[PDB]
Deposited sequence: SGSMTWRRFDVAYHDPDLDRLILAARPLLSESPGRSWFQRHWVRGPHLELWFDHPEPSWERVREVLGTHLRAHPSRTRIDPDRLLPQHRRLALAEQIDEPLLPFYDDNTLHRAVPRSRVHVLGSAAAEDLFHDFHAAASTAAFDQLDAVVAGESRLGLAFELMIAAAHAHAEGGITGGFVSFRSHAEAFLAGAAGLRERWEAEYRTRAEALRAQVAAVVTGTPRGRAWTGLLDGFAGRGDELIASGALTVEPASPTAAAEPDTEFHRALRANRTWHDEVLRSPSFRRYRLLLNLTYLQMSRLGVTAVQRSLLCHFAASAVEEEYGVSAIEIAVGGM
């Protein structure tokens, strides 16, 4: 059902290349979407379930761009291969990892299946529907970033909006997830945590204001939560049928808290929230936000909500 094209582009800043692809994902019927990926080296993937654009049309648009604005980053294959072998085990990727693509090249590629990770073809199809809708939204987000808006700031707004609209209890409920994710990432890194805290202090006033603005309602926040709304029903149904599948002070506390077990973890509302937050994190990846940066945002979001509302995620976890 799907066609895939890989654009090998070794500079981590894909944003202009993505914007050049906008007509290909905007001009013909069918679902189309893009993501960033690492197999055979850094590359952009374009996915289509209908027969247009053709390979020839894809080359007409993106060949022109690669010749005008080529990547000048050089990969280090010797260091990348072992990293990719580990990623492949972790992400359950069975595709060949070699040879690495040459920089600034276009390829047809074989679409991969994620059923074994997501739980069913129906769950995979729902993620494809999300990607199709979200990729359209991403072009406007990336136009803003290229134009000079803060990438992390746009992502922060998506996260706050998702927690306020889609968590039970709104922002002062959903923010506990942000702490959880930051503390799981940090895995005992006191020195990194202190660096994050010190940067957060410089940002606090602006970040608290952004939290209050998003909670009041912003056009971007409402647009993102509107998009997420489209997946809530089907998501609840796949979660309920089974079709959609840390040693830290915080997580130790949580594991001893019976409300976590009985009213949070197993609740359909938390499962739904967590699905829609995970879709938000996928969007952040599409927008070029790395795993460390997503985890920093989680730290900043939790800290901002705590300061604005005078609440404490660790106190909630302890119970």
| query | finding |
| --- | --- |
| Deposited-sequence stretches lacking C-alpha coordinates, listed in sequence order | 1-4, 250-260, 335-336 |
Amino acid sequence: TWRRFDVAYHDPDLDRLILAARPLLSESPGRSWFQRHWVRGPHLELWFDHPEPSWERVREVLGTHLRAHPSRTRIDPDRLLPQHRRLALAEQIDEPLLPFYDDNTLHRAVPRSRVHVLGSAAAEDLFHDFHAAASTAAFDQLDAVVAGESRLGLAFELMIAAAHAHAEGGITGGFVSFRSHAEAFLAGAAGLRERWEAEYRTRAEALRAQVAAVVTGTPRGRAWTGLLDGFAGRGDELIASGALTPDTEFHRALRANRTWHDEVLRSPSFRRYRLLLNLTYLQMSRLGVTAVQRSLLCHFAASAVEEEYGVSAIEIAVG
From here on, numbers count along this sequence of modelled residues.
item: Average Cα temperature factor in the PDB entry - higher stretch of 256-264, 277-285; value: 256-264
item: Entry-level comparison of average CA B-factors, 82-90 and 119-127, reporting the higher stretch; value: 82-90
item: Candidate set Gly174, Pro111, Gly191, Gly235 [ranked by C-alpha B-factor, highest]; value: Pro111
item: Among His43, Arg59, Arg31, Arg294 - the residue whose C-alpha B-factor is largest in the record; value: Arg59
item: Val305 CA temperature factor, ranked by third within the chain; value: lowest
item: Chain-wide C-alpha B factor ranking for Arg36, given as lowest, middle or highest third; value: lowest
item: Lowest, middle or highest third - CA B-factor, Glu157; value: lowest
item: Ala317 - Cα temperature factor, lowest/middle/highest third of chain; value: highest
item: Within-chain third of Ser241 by Cα B-factor, per the entry; value: middle
